[PDB]
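Colleague: For reference, this is run-v3.cif, and it has mmCIF, N, CA and C atoms and all ligand atoms.
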```
data_run
#
loop_
_atom_site.label_atom_id
_atom_site.label_comp_id
_atom_site.auth_asym_id
_atom_site.auth_seq_id
_atom_site.Cartn_x
_atom_site.Cartn_y
_atom_site.Cartn_z
N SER A 979 -182.47 -0.83 -30.22
CA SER A 979 -181.49 -1.37 -31.19
C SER A 979 -180.45 -0.29 -31.58
N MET A 980 -179.38 -0.73 -32.25
CA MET A 980 -178.35 0.12 -32.92
C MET A 980 -179.04 1.15 -33.83
N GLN A 981 -180.02 0.71 -34.63
CA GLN A 981 -180.78 1.56 -35.59
C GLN A 981 -181.53 2.66 -34.81
N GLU A 982 -182.13 2.31 -33.67
CA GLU A 982 -182.89 3.29 -32.84
C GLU A 982 -181.89 4.25 -32.21
N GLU A 983 -180.71 3.76 -31.85
CA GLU A 983 -179.69 4.57 -31.15
C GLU A 983 -179.12 5.56 -32.16
N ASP A 984 -178.98 5.14 -33.41
CA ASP A 984 -178.59 6.01 -34.55
C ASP A 984 -179.64 7.11 -34.75
N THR A 985 -180.93 6.76 -34.69
CA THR A 985 -182.03 7.74 -34.81
C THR A 985 -181.85 8.85 -33.76
N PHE A 986 -181.78 8.49 -32.47
CA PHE A 986 -181.68 9.48 -31.37
C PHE A 986 -180.36 10.26 -31.50
N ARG A 987 -179.28 9.66 -32.00
CA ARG A 987 -178.00 10.39 -32.20
C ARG A 987 -178.22 11.46 -33.27
N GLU A 988 -178.92 11.13 -34.35
CA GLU A 988 -179.22 12.12 -35.41
C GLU A 988 -180.07 13.25 -34.84
N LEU A 989 -181.07 12.91 -34.03
CA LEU A 989 -181.91 13.92 -33.37
C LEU A 989 -181.01 14.86 -32.55
N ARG A 990 -180.11 14.33 -31.71
CA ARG A 990 -179.28 15.20 -30.82
C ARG A 990 -178.40 16.11 -31.70
N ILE A 991 -177.83 15.58 -32.79
CA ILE A 991 -177.00 16.38 -33.75
C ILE A 991 -177.84 17.53 -34.31
N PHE A 992 -179.03 17.22 -34.79
CA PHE A 992 -180.01 18.23 -35.26
C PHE A 992 -180.29 19.28 -34.18
N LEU A 993 -180.67 18.85 -32.97
CA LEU A 993 -181.05 19.78 -31.87
C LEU A 993 -179.87 20.69 -31.48
N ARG A 994 -178.63 20.18 -31.45
CA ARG A 994 -177.44 21.00 -31.12
C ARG A 994 -177.26 22.05 -32.22
N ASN A 995 -177.42 21.67 -33.48
CA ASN A 995 -177.23 22.62 -34.60
C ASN A 995 -178.27 23.74 -34.49
N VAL A 996 -179.55 23.41 -34.32
CA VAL A 996 -180.61 24.44 -34.18
C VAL A 996 -180.30 25.32 -32.95
N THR A 997 -179.98 24.70 -31.82
CA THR A 997 -179.72 25.44 -30.55
C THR A 997 -178.51 26.38 -30.75
N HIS A 998 -177.45 25.91 -31.41
CA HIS A 998 -176.25 26.74 -31.67
C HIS A 998 -176.65 27.98 -32.47
N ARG A 999 -177.50 27.83 -33.48
CA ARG A 999 -177.89 28.95 -34.36
C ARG A 999 -178.74 29.94 -33.58
N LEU A 1000 -179.54 29.47 -32.61
CA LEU A 1000 -180.28 30.40 -31.72
C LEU A 1000 -179.29 31.15 -30.82
N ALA A 1001 -178.30 30.45 -30.27
CA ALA A 1001 -177.43 30.95 -29.20
C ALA A 1001 -176.46 32.00 -29.74
N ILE A 1002 -176.13 31.99 -31.03
CA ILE A 1002 -175.15 32.97 -31.58
C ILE A 1002 -175.92 34.18 -32.10
N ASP A 1003 -177.25 34.16 -32.05
CA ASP A 1003 -178.04 35.34 -32.47
C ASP A 1003 -177.96 36.36 -31.33
N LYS A 1004 -177.46 37.55 -31.65
CA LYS A 1004 -177.22 38.65 -30.70
C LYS A 1004 -178.52 38.98 -29.96
N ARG A 1005 -179.67 38.92 -30.62
CA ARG A 1005 -180.99 39.23 -30.03
C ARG A 1005 -181.30 38.29 -28.86
N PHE A 1006 -180.70 37.09 -28.82
CA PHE A 1006 -181.07 36.01 -27.87
C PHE A 1006 -180.00 35.81 -26.79
N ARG A 1007 -179.04 36.73 -26.68
CA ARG A 1007 -177.91 36.61 -25.73
C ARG A 1007 -178.47 36.41 -24.32
N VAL A 1008 -179.49 37.16 -23.97
CA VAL A 1008 -180.09 37.10 -22.61
C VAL A 1008 -180.57 35.67 -22.32
N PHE A 1009 -180.95 34.88 -23.33
CA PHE A 1009 -181.48 33.51 -23.14
C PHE A 1009 -180.35 32.46 -23.17
N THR A 1010 -179.08 32.86 -23.25
CA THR A 1010 -177.97 31.90 -23.45
C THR A 1010 -177.47 31.37 -22.10
N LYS A 1011 -177.73 32.07 -21.00
CA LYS A 1011 -177.24 31.67 -19.66
C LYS A 1011 -178.42 31.70 -18.71
N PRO A 1012 -178.41 30.89 -17.63
CA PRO A 1012 -179.42 30.99 -16.59
C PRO A 1012 -179.40 32.40 -15.99
N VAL A 1013 -180.54 32.89 -15.51
CA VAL A 1013 -180.60 34.18 -14.76
C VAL A 1013 -179.66 34.06 -13.55
N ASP A 1014 -178.66 34.94 -13.42
CA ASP A 1014 -177.69 34.90 -12.29
C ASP A 1014 -178.41 35.25 -10.99
N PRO A 1015 -178.48 34.32 -9.99
CA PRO A 1015 -179.22 34.56 -8.74
C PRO A 1015 -178.75 35.81 -7.98
N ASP A 1016 -177.44 36.09 -8.04
CA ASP A 1016 -176.82 37.31 -7.48
C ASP A 1016 -177.56 38.50 -8.09
N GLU A 1017 -177.43 38.70 -9.41
CA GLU A 1017 -178.03 39.85 -10.13
C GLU A 1017 -179.55 39.87 -9.90
N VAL A 1018 -180.22 38.71 -9.93
CA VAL A 1018 -181.71 38.65 -9.81
C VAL A 1018 -182.09 37.66 -8.72
N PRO A 1019 -182.44 38.15 -7.51
CA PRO A 1019 -182.72 37.27 -6.38
C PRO A 1019 -184.08 36.56 -6.51
N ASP A 1020 -185.12 37.26 -6.97
CA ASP A 1020 -186.52 36.76 -6.95
C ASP A 1020 -186.81 35.88 -8.18
N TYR A 1021 -185.84 35.60 -9.05
CA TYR A 1021 -186.16 34.84 -10.29
C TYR A 1021 -186.59 33.42 -9.89
N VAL A 1022 -185.70 32.69 -9.22
CA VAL A 1022 -185.92 31.27 -8.80
C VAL A 1022 -187.23 31.15 -8.00
N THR A 1023 -187.63 32.19 -7.25
CA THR A 1023 -188.90 32.16 -6.47
C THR A 1023 -190.10 32.37 -7.42
N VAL A 1024 -189.98 33.23 -8.44
CA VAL A 1024 -191.12 33.57 -9.35
C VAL A 1024 -191.22 32.51 -10.46
N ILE A 1025 -190.12 32.21 -11.15
CA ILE A 1025 -190.14 31.25 -12.29
C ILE A 1025 -189.80 29.86 -11.74
N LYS A 1026 -190.78 28.96 -11.77
CA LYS A 1026 -190.70 27.65 -11.09
C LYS A 1026 -189.85 26.69 -11.91
N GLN A 1027 -189.75 26.95 -13.21
CA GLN A 1027 -189.10 26.04 -14.17
C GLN A 1027 -188.18 26.87 -15.05
N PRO A 1028 -187.04 27.35 -14.52
CA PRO A 1028 -186.13 28.18 -15.29
C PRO A 1028 -185.67 27.35 -16.49
N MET A 1029 -185.51 28.00 -17.63
CA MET A 1029 -184.98 27.32 -18.83
C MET A 1029 -184.23 28.37 -19.64
N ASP A 1030 -183.12 27.95 -20.23
CA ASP A 1030 -182.29 28.79 -21.11
C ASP A 1030 -181.56 27.87 -22.09
N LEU A 1031 -180.85 28.44 -23.03
CA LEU A 1031 -180.23 27.67 -24.14
C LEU A 1031 -179.04 26.83 -23.62
N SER A 1032 -178.38 27.24 -22.55
CA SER A 1032 -177.27 26.45 -21.95
C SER A 1032 -177.85 25.17 -21.35
N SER A 1033 -179.02 25.26 -20.71
CA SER A 1033 -179.72 24.10 -20.11
C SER A 1033 -180.21 23.19 -21.22
N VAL A 1034 -180.69 23.78 -22.32
CA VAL A 1034 -181.16 22.99 -23.49
C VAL A 1034 -179.98 22.18 -24.01
N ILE A 1035 -178.80 22.78 -24.15
CA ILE A 1035 -177.58 22.03 -24.60
C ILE A 1035 -177.30 20.88 -23.63
N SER A 1036 -177.29 21.14 -22.32
CA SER A 1036 -177.04 20.09 -21.30
C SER A 1036 -178.07 18.96 -21.44
N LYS A 1037 -179.36 19.30 -21.60
CA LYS A 1037 -180.44 18.30 -21.71
C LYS A 1037 -180.23 17.46 -22.99
N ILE A 1038 -179.88 18.09 -24.10
CA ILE A 1038 -179.61 17.31 -25.34
C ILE A 1038 -178.58 16.24 -25.01
N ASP A 1039 -177.49 16.65 -24.40
CA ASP A 1039 -176.30 15.82 -24.11
C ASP A 1039 -176.65 14.72 -23.10
N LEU A 1040 -177.62 14.96 -22.21
CA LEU A 1040 -178.05 13.92 -21.23
C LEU A 1040 -179.14 13.07 -21.86
N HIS A 1041 -179.40 13.21 -23.16
CA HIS A 1041 -180.38 12.38 -23.90
C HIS A 1041 -181.80 12.62 -23.36
N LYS A 1042 -182.12 13.82 -22.90
CA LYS A 1042 -183.43 14.14 -22.30
C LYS A 1042 -184.47 14.37 -23.39
N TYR A 1043 -184.06 14.65 -24.62
CA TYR A 1043 -185.01 14.90 -25.73
C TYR A 1043 -184.99 13.66 -26.61
N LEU A 1044 -186.14 12.98 -26.70
CA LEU A 1044 -186.33 11.84 -27.64
C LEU A 1044 -187.14 12.30 -28.86
N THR A 1045 -187.73 13.49 -28.82
CA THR A 1045 -188.52 14.04 -29.95
C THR A 1045 -188.25 15.53 -30.07
N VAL A 1046 -188.41 16.10 -31.26
CA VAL A 1046 -188.35 17.58 -31.44
C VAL A 1046 -189.53 18.23 -30.70
N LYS A 1047 -190.65 17.54 -30.60
CA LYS A 1047 -191.79 18.02 -29.77
C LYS A 1047 -191.31 18.33 -28.34
N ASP A 1048 -190.50 17.47 -27.75
CA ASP A 1048 -190.07 17.63 -26.34
C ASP A 1048 -189.10 18.81 -26.22
N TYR A 1049 -188.20 18.95 -27.18
CA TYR A 1049 -187.27 20.09 -27.30
C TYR A 1049 -188.06 21.39 -27.41
N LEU A 1050 -189.07 21.43 -28.28
CA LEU A 1050 -189.84 22.67 -28.52
C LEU A 1050 -190.64 23.02 -27.26
N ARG A 1051 -190.92 22.07 -26.37
CA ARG A 1051 -191.58 22.39 -25.06
C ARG A 1051 -190.64 23.28 -24.25
N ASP A 1052 -189.34 23.02 -24.32
CA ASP A 1052 -188.31 23.81 -23.58
C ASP A 1052 -188.09 25.17 -24.26
N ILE A 1053 -188.06 25.21 -25.59
CA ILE A 1053 -188.02 26.52 -26.29
C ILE A 1053 -189.25 27.33 -25.84
N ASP A 1054 -190.46 26.77 -25.92
CA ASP A 1054 -191.71 27.45 -25.49
C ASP A 1054 -191.63 27.93 -24.02
N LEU A 1055 -190.95 27.20 -23.14
CA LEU A 1055 -190.80 27.55 -21.71
C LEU A 1055 -189.88 28.78 -21.58
N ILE A 1056 -188.80 28.86 -22.36
CA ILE A 1056 -187.92 30.05 -22.34
C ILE A 1056 -188.79 31.26 -22.70
N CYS A 1057 -189.63 31.12 -23.70
CA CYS A 1057 -190.49 32.24 -24.14
C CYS A 1057 -191.56 32.55 -23.07
N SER A 1058 -192.23 31.56 -22.51
CA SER A 1058 -193.36 31.83 -21.58
C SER A 1058 -192.84 32.39 -20.25
N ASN A 1059 -191.69 31.92 -19.78
CA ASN A 1059 -190.97 32.45 -18.58
C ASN A 1059 -190.65 33.94 -18.80
N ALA A 1060 -190.15 34.30 -19.99
CA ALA A 1060 -189.77 35.69 -20.33
C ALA A 1060 -191.02 36.54 -20.31
N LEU A 1061 -192.09 36.10 -20.98
CA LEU A 1061 -193.36 36.87 -21.03
C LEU A 1061 -193.87 36.99 -19.59
N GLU A 1062 -193.68 35.95 -18.78
CA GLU A 1062 -194.33 35.89 -17.45
C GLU A 1062 -193.61 36.85 -16.51
N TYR A 1063 -192.28 36.81 -16.50
CA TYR A 1063 -191.44 37.58 -15.56
C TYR A 1063 -191.32 39.05 -15.98
N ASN A 1064 -191.45 39.39 -17.28
CA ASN A 1064 -191.23 40.76 -17.83
C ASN A 1064 -192.52 41.21 -18.52
N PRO A 1065 -193.66 41.36 -17.81
CA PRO A 1065 -194.94 41.62 -18.46
C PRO A 1065 -195.29 43.10 -18.68
N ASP A 1066 -194.49 44.03 -18.15
CA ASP A 1066 -194.84 45.47 -18.10
C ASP A 1066 -194.80 46.10 -19.50
N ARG A 1067 -195.36 47.31 -19.60
CA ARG A 1067 -195.47 48.12 -20.84
C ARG A 1067 -194.17 48.88 -21.12
N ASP A 1068 -193.23 48.92 -20.17
CA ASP A 1068 -192.00 49.73 -20.32
C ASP A 1068 -191.10 49.07 -21.36
N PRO A 1069 -190.27 49.87 -22.05
CA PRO A 1069 -189.46 49.37 -23.15
C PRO A 1069 -188.54 48.20 -22.79
N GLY A 1070 -188.01 48.18 -21.56
CA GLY A 1070 -187.17 47.08 -21.06
C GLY A 1070 -187.88 45.75 -21.24
N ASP A 1071 -189.08 45.66 -20.67
CA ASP A 1071 -189.93 44.45 -20.71
C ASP A 1071 -190.44 44.24 -22.14
N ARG A 1072 -190.87 45.27 -22.87
CA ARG A 1072 -191.37 45.03 -24.24
C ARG A 1072 -190.24 44.45 -25.11
N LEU A 1073 -189.00 44.89 -24.92
CA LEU A 1073 -187.86 44.40 -25.74
C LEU A 1073 -187.63 42.91 -25.46
N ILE A 1074 -187.46 42.52 -24.19
CA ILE A 1074 -187.27 41.10 -23.80
C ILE A 1074 -188.40 40.27 -24.41
N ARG A 1075 -189.66 40.69 -24.22
CA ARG A 1075 -190.81 39.88 -24.71
C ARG A 1075 -190.71 39.73 -26.22
N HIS A 1076 -190.31 40.79 -26.91
CA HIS A 1076 -190.22 40.79 -28.39
C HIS A 1076 -189.13 39.79 -28.77
N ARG A 1077 -188.03 39.78 -28.02
CA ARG A 1077 -186.89 38.85 -28.25
C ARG A 1077 -187.30 37.41 -27.93
N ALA A 1078 -188.04 37.20 -26.85
CA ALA A 1078 -188.53 35.88 -26.43
C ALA A 1078 -189.38 35.28 -27.55
N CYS A 1079 -190.31 36.05 -28.09
CA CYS A 1079 -191.22 35.64 -29.20
C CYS A 1079 -190.41 35.39 -30.48
N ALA A 1080 -189.35 36.16 -30.72
CA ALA A 1080 -188.51 36.00 -31.93
C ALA A 1080 -187.68 34.71 -31.81
N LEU A 1081 -187.17 34.39 -30.61
CA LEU A 1081 -186.46 33.10 -30.35
C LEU A 1081 -187.41 31.93 -30.64
N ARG A 1082 -188.63 31.98 -30.11
CA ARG A 1082 -189.62 30.90 -30.31
C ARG A 1082 -189.93 30.79 -31.80
N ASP A 1083 -190.26 31.90 -32.46
CA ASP A 1083 -190.64 31.87 -33.90
C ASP A 1083 -189.47 31.37 -34.76
N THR A 1084 -188.24 31.71 -34.39
CA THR A 1084 -187.04 31.34 -35.18
C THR A 1084 -186.81 29.84 -35.00
N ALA A 1085 -186.92 29.32 -33.78
CA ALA A 1085 -186.73 27.88 -33.56
C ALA A 1085 -187.77 27.13 -34.39
N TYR A 1086 -189.05 27.52 -34.30
CA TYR A 1086 -190.18 26.84 -35.00
C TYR A 1086 -189.97 26.91 -36.52
N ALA A 1087 -189.51 28.05 -37.02
CA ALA A 1087 -189.29 28.26 -38.47
C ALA A 1087 -188.10 27.41 -38.97
N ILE A 1088 -187.01 27.30 -38.20
CA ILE A 1088 -185.87 26.43 -38.59
C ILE A 1088 -186.39 25.00 -38.71
N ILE A 1089 -187.15 24.57 -37.72
CA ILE A 1089 -187.60 23.16 -37.63
C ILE A 1089 -188.60 22.90 -38.77
N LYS A 1090 -189.42 23.88 -39.09
CA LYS A 1090 -190.42 23.75 -40.17
C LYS A 1090 -189.69 23.52 -41.49
N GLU A 1091 -188.58 24.20 -41.72
CA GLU A 1091 -187.84 24.10 -43.00
C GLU A 1091 -186.95 22.86 -43.02
N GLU A 1092 -186.48 22.36 -41.86
CA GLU A 1092 -185.28 21.48 -41.86
C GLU A 1092 -185.53 20.12 -41.18
N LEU A 1093 -186.58 19.97 -40.38
CA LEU A 1093 -186.97 18.67 -39.80
C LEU A 1093 -187.83 17.89 -40.80
N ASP A 1094 -187.38 16.71 -41.18
CA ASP A 1094 -188.22 15.77 -41.98
C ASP A 1094 -189.32 15.20 -41.08
N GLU A 1095 -190.59 15.34 -41.45
CA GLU A 1095 -191.75 14.91 -40.60
C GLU A 1095 -191.70 13.39 -40.35
N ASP A 1096 -191.17 12.61 -41.29
CA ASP A 1096 -191.08 11.14 -41.12
C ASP A 1096 -190.01 10.82 -40.08
N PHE A 1097 -188.98 11.68 -39.98
CA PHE A 1097 -187.92 11.52 -38.95
C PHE A 1097 -188.54 11.77 -37.59
N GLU A 1098 -189.28 12.88 -37.46
CA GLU A 1098 -190.00 13.21 -36.20
C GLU A 1098 -190.93 12.04 -35.84
N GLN A 1099 -191.70 11.52 -36.80
CA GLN A 1099 -192.72 10.45 -36.61
C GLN A 1099 -192.04 9.18 -36.08
N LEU A 1100 -190.89 8.79 -36.64
CA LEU A 1100 -190.06 7.65 -36.18
C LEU A 1100 -189.66 7.88 -34.72
N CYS A 1101 -189.20 9.08 -34.38
CA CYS A 1101 -188.75 9.46 -33.01
C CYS A 1101 -189.95 9.25 -32.06
N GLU A 1102 -191.13 9.71 -32.46
CA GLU A 1102 -192.36 9.63 -31.64
C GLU A 1102 -192.69 8.15 -31.46
N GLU A 1103 -192.65 7.35 -32.52
CA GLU A 1103 -193.02 5.91 -32.45
C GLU A 1103 -192.00 5.17 -31.57
N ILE A 1104 -190.71 5.48 -31.63
CA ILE A 1104 -189.74 4.79 -30.74
C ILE A 1104 -190.05 5.19 -29.29
N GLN A 1105 -190.32 6.48 -29.05
CA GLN A 1105 -190.60 7.03 -27.70
C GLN A 1105 -191.84 6.33 -27.12
N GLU A 1106 -192.96 6.30 -27.86
CA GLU A 1106 -194.25 5.65 -27.47
C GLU A 1106 -194.03 4.17 -27.14
N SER A 1107 -193.10 3.49 -27.83
CA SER A 1107 -192.83 2.04 -27.69
C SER A 1107 -192.01 1.72 -26.43
N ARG A 1108 -191.67 2.72 -25.61
CA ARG A 1108 -190.92 2.52 -24.33
C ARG A 1108 -191.85 2.83 -23.15
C1 LIG B 1 -184.27 38.93 -14.82
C2 LIG B 1 -184.76 38.94 -16.26
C3 LIG B 1 -183.99 39.94 -17.10
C4 LIG B 1 -184.44 39.89 -18.55
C5 LIG B 1 -184.29 38.50 -19.10
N1 LIG B 1 -185.08 37.59 -18.27
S1 LIG B 1 -185.71 36.26 -18.97
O1 LIG B 1 -186.70 35.76 -18.07
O2 LIG B 1 -186.09 36.64 -20.29
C6 LIG B 1 -184.45 35.00 -19.15
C7 LIG B 1 -183.15 35.36 -18.83
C8 LIG B 1 -182.11 34.45 -18.95
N2 LIG B 1 -180.77 34.76 -18.63
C9 LIG B 1 -180.24 35.95 -18.25
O3 LIG B 1 -180.89 36.99 -18.12
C10 LIG B 1 -178.75 35.89 -17.97
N3 LIG B 1 -178.15 37.13 -17.50
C11 LIG B 1 -178.18 37.58 -16.17
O4 LIG B 1 -178.74 37.00 -15.24
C12 LIG B 1 -177.43 38.88 -16.14
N4 LIG B 1 -177.03 39.03 -17.53
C13 LIG B 1 -177.44 38.01 -18.30
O5 LIG B 1 -177.26 37.86 -19.51
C14 LIG B 1 -182.38 33.15 -19.39
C15 LIG B 1 -183.68 32.78 -19.72
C16 LIG B 1 -184.71 33.70 -19.61
BR1 LIG B 1 -186.45 33.09 -20.07
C17 LIG B 1 -184.64 37.55 -16.87
#
```
Will you turn the file into structure tokens for me?
Modeller:
Amino acid sequence: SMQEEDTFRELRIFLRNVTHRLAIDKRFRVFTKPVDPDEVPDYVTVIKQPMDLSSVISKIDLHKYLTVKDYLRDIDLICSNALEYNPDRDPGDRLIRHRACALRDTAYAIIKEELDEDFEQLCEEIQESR
């Protein structure tokens, strides 16, 4: 219905606002663009499911997220890909991992303060009903 379409439009508006606030954080610049295949050849071979904030924006716009749960799966993938590809003890890898965990914690904390649980629950019930 029109009412359900209004619900998903509000969700996309919410998800773009949260994603924008992550993307302008200087700590998360590395997560704003896909890994450039030129600069990093073995990324696409090692990370099976690349994800970054530019892809999250594209997915919002293609209506790929019907719930904040589904969006947070992609935030969690940006973090787990970073931990997976940069696992070493050296400062380079420890910095990326620290940033990856801060992106995940910041997204979860924004949503905890600003997502109405009844709004999420409506999104889940419309999604389940399809
Ligand atoms: C090859 C690794 C270097 C450290 C960052 N990781 S990552 O897995 O945390 C990751 C990166 C990007 N995007 C970029 O690194 C984009 N980029 C370049 O490729 C060169 N400069 C630049 O900013 C996106 C998501 C993740 Br999870 C990739």
Colleague: Show me which residues line ligand LIG 1 (chain B), defined as having an atom within 6 Å of a ligand atom where only C-alpha atoms and all ligand atoms count, and present them as a list in words.
Modeller: residues 1008, 1009, 1011, 1012, 1013, 1014, 1017, 1018, 1029, 1030, 1056, 1057, 1059, 1060, 1063 and 1074 of chain A
Colleague: Which is closest to residue 990 in chain A among A:1053, A:1089, A:1080, A:1038, if we use only N, CA and C atoms?
Modeller: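 The answer is A:1038, which sits nearest to residue 990 in chain A.
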Colleague: Looking only at alpha helix (DSSP H) from DSSP on the backbone, list the matching residues of range 982-1092 of chain A as JSON, numbers by chain.
Modeller: {"A": [982, 983, 984, 985, 986, 987, 988, 989, 990, 991, 992, 993, 994, 995, 996, 997, 998, 999, 1000, 1001, 1021, 1022, 1023, 1024, 1031, 1032, 1033, 1034, 1035, 1036, 1037, 1038, 1039, 1046, 1047, 1048, 1049, 1050, 1051, 1052, 1053, 1054, 1055, 1056, 1057, 1058, 1059, 1060, 1061, 1062, 1063, 1069, 1070, 1071, 1072, 1073, 1074, 1075, 1076, 1077, 1078, 1079, 1080, 1081, 1082, 1083, 1084, 1085, 1086, 1087, 1088, 1089, 1090, 1091, 1092]}
Colleague: To one decimal in Å, tell me the separation between atom C of residue 980 in chain A and CA of residue 998 in chain A.
Modeller: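 Between these atoms lies a distance of 25.8 Å.
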Colleague: One decimal, Å: what's the distance from atom C of residue 1007 in chain A over to atom N of residue 1024 in chain A, could you say?
Modeller: 19.9 Å
Colleague: Taking the structure in the block just given, could you write range 1075-1092 of chain A with N, CA and C atoms, as a CSV table (one decimal), in the first residue's frame?
Modeller:
```
chain,number,residue,atom,x,y,z
A,1075,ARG,N,41.7,-1.9,11.9
A,1075,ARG,CA,40.8,-2.7,12.7
A,1075,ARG,C,40.1,-1.8,13.7
A,1076,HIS,N,40.8,-0.9,14.3
A,1076,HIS,CA,40.3,0.0,15.4
A,1076,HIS,C,39.2,0.8,14.7
A,1077,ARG,N,39.5,1.3,13.5
A,1077,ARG,CA,38.6,2.2,12.8
A,1077,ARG,C,37.3,1.4,12.3
A,1078,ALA,N,37.5,0.2,11.9
A,1078,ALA,CA,36.4,-0.7,11.5
A,1078,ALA,C,35.5,-0.9,12.6
A,1079,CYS,N,36.0,-1.2,13.8
A,1079,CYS,CA,35.2,-1.5,15.1
A,1079,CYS,C,34.5,-0.1,15.5
A,1080,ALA,N,35.2,1.0,15.3
A,1080,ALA,CA,34.6,2.3,15.6
A,1080,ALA,C,33.4,2.7,14.7
A,1081,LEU,N,33.6,2.4,13.4
A,1081,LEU,CA,32.5,2.5,12.4
A,1081,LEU,C,31.2,1.7,12.8
A,1082,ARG,N,31.5,0.4,13.2
A,1082,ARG,CA,30.4,-0.5,13.6
A,1082,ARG,C,29.8,0.0,14.8
A,1083,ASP,N,30.6,0.3,15.9
A,1083,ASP,CA,30.0,0.8,17.2
A,1083,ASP,C,29.2,2.1,17.0
A,1084,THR,N,29.7,3.0,16.1
A,1084,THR,CA,29.1,4.3,15.9
A,1084,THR,C,27.7,4.1,15.2
A,1085,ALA,N,27.7,3.3,14.2
A,1085,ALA,CA,26.4,3.0,13.5
A,1085,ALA,C,25.4,2.4,14.5
A,1086,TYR,N,25.8,1.4,15.3
A,1086,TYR,CA,24.9,0.8,16.2
A,1086,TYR,C,24.4,1.8,17.3
A,1087,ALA,N,25.3,2.7,17.8
A,1087,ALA,CA,25.0,3.7,18.8
A,1087,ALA,C,24.0,4.7,18.2
A,1088,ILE,N,24.2,5.2,17.0
A,1088,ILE,CA,23.3,6.2,16.3
A,1088,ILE,C,21.9,5.5,16.3
A,1089,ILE,N,21.8,4.3,15.9
A,1089,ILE,CA,20.6,3.5,15.7
A,1089,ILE,C,19.9,3.3,17.0
A,1090,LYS,N,20.7,3.0,18.0
A,1090,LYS,CA,20.2,2.8,19.4
A,1090,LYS,C,19.5,4.0,19.9
A,1091,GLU,N,20.1,5.2,19.6
A,1091,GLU,CA,19.5,6.5,20.1
A,1091,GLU,C,18.4,7.0,19.3
A,1092,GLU,N,18.3,6.6,18.0
A,1092,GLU,CA,17.5,7.4,17.0
A,1092,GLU,C,16.5,6.6,16.2
```
